[PDB]
Each structure stands twice: as structure tokens, then as C-alpha cells.
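Q:
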Ligand SMILES: [C]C1=[C][C]=C([B]([O])([O])[O])[C]=[C]1
Ligand SMILES: [Zn+2]
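In the authors' numbering, the protein residues as written are 4 to 125, 127 to 261.
#1: I'd like to confirm something about residue 64: is its beta-carbon nearer than 6 Å to some heavy atom of ligand 1, or not?
#2: Whose CA, out of 44, 62, 168, 52, lies closest to the CA of residue 6?
#3: Taking 6 Å as the cut-off, is the beta-carbon of residue 122 closer than that to any non-hydrogen atom of ligand 1?
#4: Given 6 Å as the limit, tell me if residue 68 has its C-beta closer than that to any heavy atom belonging to ligand 1.
#5: Strictly closer than 6 Å from CB to any heavy atom of ligand 2: give me those residues in the order they appear in the chain.
#6: If we ignore side chains and look at the alpha-carbon of each, how far apart do residue 140 and residue 48 end up?
#7: Give me the Cα-Cα distance between residue 3 and residue 128, rounded to the nearest whole angstrom.
#8: I'd like to confirm the pairing. Which residues does DSSP put opposite residue 142 in its beta bridges?
#9: Would you decide whether residue 1 is buried or exposed? Buried here means 16 or more other CB atoms lie within 10 Å of its CB.
#10: What is the DSSP secondary structure of residue 128, reduced to helix, strand or coil?
#11: Suppose you measure from the CA of residue 237 to the CA of residue 36; what does that come to, to the nearest Å?
#12: Evaluate the contact criterion for the stretch 212-229 versus the stretch 184-202: three or more CB pairs, one atom per stretch, below 8 Å.
#13: Apart from the five residues just before and just after residue 106, which ones in its own chain have a Cβ nearer than 6 Å to its Cβ?
#14: Comparing the CB of residue 31 with every heavy atom of ligand 4, is any distance shorter than 6 Å?
#15: Could you check where the alpha helix (DSSP H) with residue 224 kicks off and where it finishes?
#16: Per DSSP, what are the beta-bridge partners of residue 192 in this structure?
#17: Hey, out of 33, 221, 172, 25, whose CA is closest to residue 255's CA?
#18: Given a cut-off of 7 Å on the beta-carbon distance, is the pair residue 183 and residue 233 in contact?
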């Protein structure tokens, strides 16, 4: 029964998920002055040309665009990673207002939203096994700011009417996630967690420095989604972000100077 409300939100999650107070929780504030350039990170490789999107789902917490992850089709490699990580889904976190919505922050700045491209390490065979390992997942995080429209997002925006409420899905084939990337792949990286329950400490985070721009109309449509199921009282799907957690004994590394 966790969620984002006053009585079931982030401050309550630790009761059912004690790892919420663990040693490598996400998100975090990225202090740009304290992050250290690491000249050894290897180049980062996003290989999405053969991606096969399948479906879009409103799961009651966000919406997921799901991919075929039964073969190496859309993979993330390089950067801080050893081995090959397959794209399983992407989703967003966003605010009720343009001045909040991101999970990570940059020098305490909040963005309007944050895109998470979720990948799992093929050495563990399936996603469910991967989330049980400290190097099971690699999540590419991309900030959204409100300005110019993002053309490659509009297909997502357009389908949201058909998945308004929890449990609804729609076909979503032939979507190209390359259309959601910024120009630069400069990034910060650190070891962390899932940002929702079960909050498992299985993620290598790779957060891009360059945001993407989306229009006010695009983010407005995200805010028309519902947390509730059909035929239940309407609760707008907004503010589905966890705030920054303690960094504890971690260092954030930068791929750039
Ligand atoms: C199952 C799952 C996958 C990814 C995430 B997140 O928000 O950390 O990308 C949370 C939960
Ligand atoms: Zn997420």
C-alpha cells in the first residue's frame, strides 16, 4: 500500500521496507563541486538501434514503456559498467509544478521531471535475479526542464489518454528511445538503489549532466494521469518522486571536467 501521499509516502516506506534507511539509497543530491573527475571511466555506449518497444503501462506509480529484453537489442555498456546491460523499460518521475519533480538534484536544484532508462546485467539472466545483486542494474537518469518541446517524446504524450488509470496498458511498438537523449553523454555516476519500494541496493546510477527540454504542454499531460484505478476517486498522478537521501559513504564520480 505504499505510494506518494501523506499517509503512505516516502517518510513511511521504511516501516515495510527497512532498507529505506540503508547505506546506498537513491536518489541523492549531486554536489557538482565535490564530484570528482575520474579520467579512467571508459567511454559510455548506448546501443538502441535494434530496440523493440512493446507496451505502455500505468502501474499506479508511474507509466512504464516496456521493451523486449529477451535478446541483446537495446544495450548499455561502457562508462563505469563491466559487461552488458539490457534495456527493460523506461519511466518518469514528475511534479505538480515545474519547480519540482526530479529525484536527483544538482546543487540542490530540482528539475521538472526525471527520465529513468532501466537496464539489467545480462550475467544474471533475468531482471528478478539482477535486482538481488549489487551490480544488477544500470539506470540512465536524464533531467527534464520545461522550455521547447521534445519531438521524440510526443508519441508518449499522445498515448497517455489510453492509459489514464492504474492497470491500463496499450500497445506501444516501434518507439525509438534515442529520441529522448540529449546531445552530450557526459555523466555522473554512483552506487545506489531503486527509488521506489522495494528500494533494493542494486543500481549503478549514470545521471546525464545535460537535461532535455520538454514543453509545458507535454508535462501538463503527464499531470493528467491518475494514480487510482478506473471507477475510483480521481487522484492525479503528480509528485511521484522520492526526495534526496543521505550520501553516506559514497563518492560521486564525473566523466567530465
Ligand atoms: C522495479 C523498479 C525499477 C526501477 C525503479 B527506479 O525509480 O529507481 O528507476 C524503481 C523500481
Ligand atoms: Zn524511476
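Here a beta-carbon is modelled for each residue, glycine too, at the ideal position from N, C-alpha and C.
A: If we stick to the structure as given:
#1: Taking the first residue of the chain shown as position 1, residue 64 is located at position 61. Checking every heavy atom of ligand 1 against the Cβ of residue 64, none is found closer than 6 Å.
#2: Counting from 1 along the chain shown, the entry for residue 6 is found at position 3. Residue 62 is the option with its Cα nearest to residue 6.
#3: As a working mapping, residue 122 is identified with position 119 in the chain shown. Flag unset: Cβ of residue 122 not near ligand 1.
#4: Counting from one through the chain shown, the residue named residue 68 turns up at place 65. No, Cβ of residue 68 sits at least 6 Å from all heavy atoms of ligand 1.
#5: 94, 96, 119, 199
#6: In the chain shown, counting from the first residue as 1, residue 140 sits at position 136. In the chain shown, counting from the first residue as 1, residue 48 sits at position 45. Rounded to whole angstroms, residue 140 to residue 48 spans 18 Å at the Cα level.
#7: The structure shown has nothing for residue 3, since the chain only spans 4 to 261.
#8: Taking the chain shown and counting its residues from 1, the one referred to as residue 142 is at position 138. Residue 142 is bridged to 122, 208.
#9: Examination of residue 1 is not possible in this model, given that the chain is present from 4 through 261 alone.
#10: Working through the chain shown from its first residue, we reach residue 128 at position 124. Helix.
#11: Along the chain shown, read from residue 1 onward, the residue named residue 237 stands at position 233. Along the chain shown, read from residue 1 onward, the residue named residue 36 stands at position 33. Residue 237 and residue 36: Cα-Cα distance of roughly 46 Å.
#12: yes
#13: For the purposes of this step, residue 106 is identified with residue 103 of the chain shown, where counting begins at 1. Counting only Cβ-Cβ distances below 6 Å, and skipping sequence neighbours, we find 30, 96, 117, 199, 245, 246.
#14: Summarising the ligand content, the structure contains ligand 1 and ligand 2 and does not contain ligand 4.
#15: Residue mapping note: residue 224 aligns to position 220 of the chain shown, counting from 1. Start and end: 220-226.
#16: Here residue 192 corresponds to residue number 188 of the chain shown, with the count starting at 1. Bridge partners of residue 192: 211, 258.
#17: If you number the chain shown from 1, residue 255 lands on position 251. Selected option, being the one with the closest Cα: 33.
#18: Position 179 of the chain shown holds residue 183. Position 229 of the chain shown holds residue 233. Result no, Cβ atoms of residue 183 and residue 233 do not sit closer than 7 Å.
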